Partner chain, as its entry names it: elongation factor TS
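Only one chain is included here, represented as structure tokens and corresponding to the form deposited without the partner chain.
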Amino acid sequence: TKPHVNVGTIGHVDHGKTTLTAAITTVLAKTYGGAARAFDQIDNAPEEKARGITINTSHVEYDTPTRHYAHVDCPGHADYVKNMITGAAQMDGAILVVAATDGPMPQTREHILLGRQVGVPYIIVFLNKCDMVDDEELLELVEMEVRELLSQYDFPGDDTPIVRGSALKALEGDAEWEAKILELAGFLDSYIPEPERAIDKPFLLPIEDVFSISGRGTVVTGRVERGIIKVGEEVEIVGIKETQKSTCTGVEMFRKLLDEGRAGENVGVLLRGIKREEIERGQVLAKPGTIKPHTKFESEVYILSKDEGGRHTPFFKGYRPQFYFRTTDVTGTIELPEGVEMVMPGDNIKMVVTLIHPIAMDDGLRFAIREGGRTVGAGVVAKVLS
């Protein structure tokens, strides 16, 4: 029906993320239609399991006249860390809530830093609790601090929309403050571009199985994550070993012979001139010249706590685990940040990884850290190096 956009509230503790989320749903429901959500319903977030990783997240939905929004709000800072690193709640844009009574605080910086690291494309600021501060000069000083903090982490602070509002007064029904919620939702519509749909990105298929079919020939199976593969087009096989070119001579779903495979479909792709022995676990099919294989990358990782089923023992610089990319494990070595010699369960750090086999990757690729086939961490590629 309507374009779908994924957003969420970030910001320091008690600056009003949950109150803002309730205010958005309530004001939009009475203005444009929809269902309002109360503060208690959003604050009492359910527990979800992405892949051994426990995250507490509330998911609300609301509509502007032209868009439908999926909005995440979390009760704990650790929940935001896990969500942004695992991508369990992906964000086309984030609402940074900064309380005017405090200005930017340590978690304001940390959430902006995580945003840049995991690739949050756009940030909108809601300067909250303005019902408490009447000083115009003080509000201007805080906005300048927020803009410089955003620019410090490469966001466009000078062009960042900043709305001076009161989430509480808007939730309580003050029309003068509800108008600021509508101004915020207006920036959601106008500042966050419509996200690029997967079918319009370069073709990519992670290979999950391989078969020799009748009359020689090789078929690889998997879900088309991005783009379209058409019969006759050339493909590259990227990862694990030297990149090979091949031609797609067929696509099929079950018993149906298709002339193309589209994003989201589970297909089998027939490859010409490729034998079964030339396909390795962890490889992908890709449009030629759109993704490259790499061994070394900078990442942000979360280490599972003991209570989450992770490891009980801390690890040190010689830690040599497996990195699960899409379909398979690849062993790698790590470099810890300067001044960090021990990493506890439950910690999150920047980590430079060197794999023993290249993996087709770019910034934003998610991965799991595993020991003996059991997930002990999750990461995101922040910057490829090799």
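Under this definition, the rigid core comprises the largest set of C-alpha atoms superposing within 1.5 Å between the forms. Residue numbers count along the first chain shown, from 1.
When the other compared entries with both flanking residues are checked, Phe39 is unmodelled in at least a third. Higher average CA B factor: 365 to 373, of the stretches 17 to 25 and 365 to 373.
With 157 to 165 and 242 to 250 compared on mean CA B-factor from the PDB entry, the stretch scoring higher is 242 to 250. In the PDB entry, the Cα temperature factor peaks, among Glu148, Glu265, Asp189, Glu278, at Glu278. Out of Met144, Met91, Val224, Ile124, the entry records its largest CA B-factor for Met91. Among the modelled residues of its chain, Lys129 has a C-alpha B-factor that falls in the lowest third according to the deposited record. Compared with the other modelled residues of the chain, the Cα B-factor recorded for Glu208 ranks in the lowest third.
Among the modelled residues of its chain, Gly289 has a C-alpha B-factor that falls in the highest third according to the deposited record. When the modelled residues of the chain are ordered by their C-alpha B factor, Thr101 lands in the middle third. Per the PDB record, residue ranking by Cα B-factor puts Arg320 in the middle third of the chain.
What follows is about the form deposited with the partner chain bound, which we do not show.
Taken together, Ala22, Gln107 and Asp135 are fully in contact with the partner chain in the deposited bound form: each brings a heavy atom within 4.5 Å. Per the 4.5 Å heavy atom criterion, the partner chain in the deposited bound form is contacted by stretch 306 to 314, the sole one of 233 to 241, 306 to 314, 258 to 266, 212 to 220. In the deposited bound form, the partner chain sits beyond 4.5 Å of every heavy atom of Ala198.
Within 4.5 Å of any heavy atom of the partner chain in the deposited bound form lies no heavy atom of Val224. Heavy atoms of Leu141 reach within 4.5 Å of the partner chain in the deposited bound form, making it an interface residue.
The shortest heavy atom separation between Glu178 and the partner chain in the deposited bound form is within 4.5 Å. Checked against the partner chain in the deposited bound form, the residues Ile124, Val251, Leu271, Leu114 give one hit for a heavy atom within 4.5 Å, which is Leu114. Contacts between 61 to 75 and the partner chain, taken as any heavy atom within 4.5 Å in the deposited bound form, involve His71, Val72, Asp73, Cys74, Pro75. Residue showing a CA shift of 2 Å or more between the shown form and the other one (rigid core superposed; candidates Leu304, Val301, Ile274, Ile162): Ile162.
Taking 2 Å as the criterion, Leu28 counts as shifted between the shown form and the other one: its C-alpha moves by at least this amount when the rigid core is aligned. Annotation for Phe203: C-alpha shift under 2 angstroms between the shown form and the other one, rigid core superposed. Once both forms are overlaid on the rigid core, the distance between the two CA positions of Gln90 between the shown form and the other one is 2 angstroms or more.
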